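Participant:
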Amino acid sequence: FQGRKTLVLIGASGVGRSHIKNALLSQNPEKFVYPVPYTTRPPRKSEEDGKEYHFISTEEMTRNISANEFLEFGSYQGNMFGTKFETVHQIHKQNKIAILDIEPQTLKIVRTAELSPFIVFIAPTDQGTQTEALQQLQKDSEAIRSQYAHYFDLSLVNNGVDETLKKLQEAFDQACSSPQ
Numbered sequence: 279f280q281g282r283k284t285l286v287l288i289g290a291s292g293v294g295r296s297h298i299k300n301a302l303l304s305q306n307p308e309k310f311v312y313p314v315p316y317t318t319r320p321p322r323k324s325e326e327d328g329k330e331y332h333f334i335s336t337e338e339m340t341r342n343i344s345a346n347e348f349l350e351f352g353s354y355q356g357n358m359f360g361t362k363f364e365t366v367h368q369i370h371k372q373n374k375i376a377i378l379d380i381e382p383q384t385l386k387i388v389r390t391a392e393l394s395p396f397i398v399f400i401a402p403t404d405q406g407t408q409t410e411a412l413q414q415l416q417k418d419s420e421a422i423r424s425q426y427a428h429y430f431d432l433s434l435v436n437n438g439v440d441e442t443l444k445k446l447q448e449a450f451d452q453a454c455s456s457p458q
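The following block contains the structure:
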């Protein structure tokens, strides 16, 4: 670590942020790790504890939340989800880069020297022929960019995953971090 320790991706839902993250992990599995989240969702018979999620009770989750153990947590379809501080710390302990796909309001919390984040905004491509779906995504994206611009180290348009990755890793690798 002579540079940034954590890659933070911000964007409206539907921009392809998840594809970017998965492509990075798939391409450099020894460098990047995505912290496995916690959920109160009852697992299905088929799922493996600690693969896509750590499955806990609402009682444990509640204790964790009030113990300030979550960098981020929230409710989806009536179940609780969150990412623990400690899961990101364990990645940095192994000298790997944490990839965090967080919500914009969590930006106030991650911008620290300890986490040394490189914060990348991912925008949709401005395509000429527009669906109403692209138009809404562009509006959602501009709403987030407008409020949180001062947080971003880099704004990129998603012009395809392999092309976005190349630009993204180069900008990441070039980034400086200093202590204090």
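Following the authors' numbering, the residues of the sequence shown are numbered contiguously, the last one being 458.
No residue lacks a Cβ here, since even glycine has one placed at the ideal position from N, Cα and C.
1. Return helix, strand or coil for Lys283, following the three-state DSSP convention.
2. Roughly how many angstroms separate the alpha carbons of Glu326 and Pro320, rounded to a whole number?
3. Taking only three categories from DSSP, how would you classify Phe310?
4. With a threshold of 16 other CB atoms inside 10 Å of the CB of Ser394, please say whether the residue is buried or exposed.
5. Taking C-beta to C-beta, are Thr317 and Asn357 nearer than 8 Å?
6. Could you tell me which whole alpha helix (DSSP H) segments of length 4 or greater appear in the stretch 359 to 437?
7. From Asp418 to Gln368, what distance separates their C-alpha atoms?
8. So, helix, strand or coil for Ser304, using DSSP?
9. For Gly328, count neighbouring Cβ atoms within 10 angstroms of its own Cβ and tell me buried if that reaches 16, exposed if not.
10. Rounded to the nearest angstrom, what separates residue 526 and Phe279 at their Cα positions?
11. Under 8 Å between the Cβ atoms of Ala421 and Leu432?
12. Alpha carbon to alpha carbon, how far is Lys444 from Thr336?
Facilitator: This is what the structure gives:
1. Translated into the one-based positions of the sequence shown, residue 283 becomes position 5. Secondary structure of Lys283 (DSSP, three-state): coil.
2. The residue you call residue 326 lines up with position 48 of the sequence shown. The residue you call residue 320 lines up with position 42 of the sequence shown. Roughly 12 Å between the two C-alpha positions.
3. Residue numbering aside, residue 310 sits at position 32 when the sequence shown is read from its first letter. Of the three classes helix, strand and coil, the one that applies to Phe310 here is strand, per DSSP.
4. Locating residue 394 in the sequence shown gives position 116, counting from the first residue. Buried: at least 16 other Cβ atoms inside 10 Å.
5. Within the sequence shown, the letter at position 39 stands for residue 317. Within the sequence shown, the letter at position 79 stands for residue 357. Closer than 8 Å, so yes.
6. Secondary structure in the stretch 359 to 437: the alpha helix (DSSP H) runs of 4 residues or longer, each lying completely within the stretch, are 363 to 371, 385 to 388 and 410 to 426 in chain order.
7. Along the sequence shown, read from residue 1 onward, the residue named residue 418 stands at position 140. Along the sequence shown, read from residue 1 onward, the residue named residue 368 stands at position 90. The C-alpha of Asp418 lies about 33 Å from the C-alpha of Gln368.
8. Taking the sequence shown and counting its residues from 1, the one referred to as residue 304 is at position 26. Three-state DSSP puts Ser304 in a helix.
9. Along the sequence shown, one-based indexing puts residue 328 at 50. Residue burial annotation: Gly328 is exposed, with fewer than 16 other C-beta atoms found within 10 angstroms of its C-beta.
10. Coverage of the chain is limited to positions 279 through 458, which leaves residue 526 absent and any answer about it impossible.
11. Here residue 421 refers to the residue found at position 143 when the sequence shown is read from its first residue. Here residue 432 refers to the residue found at position 154 when the sequence shown is read from its first residue. Against a cut-off of 8 Å, the Cβ pair of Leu432 and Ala421 comes out as no contact.
12. Within the sequence shown, the letter at position 166 stands for residue 444. Within the sequence shown, the letter at position 58 stands for residue 336. One Cα belongs to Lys444, the other to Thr336, and the distance between them is close to 41 Å.
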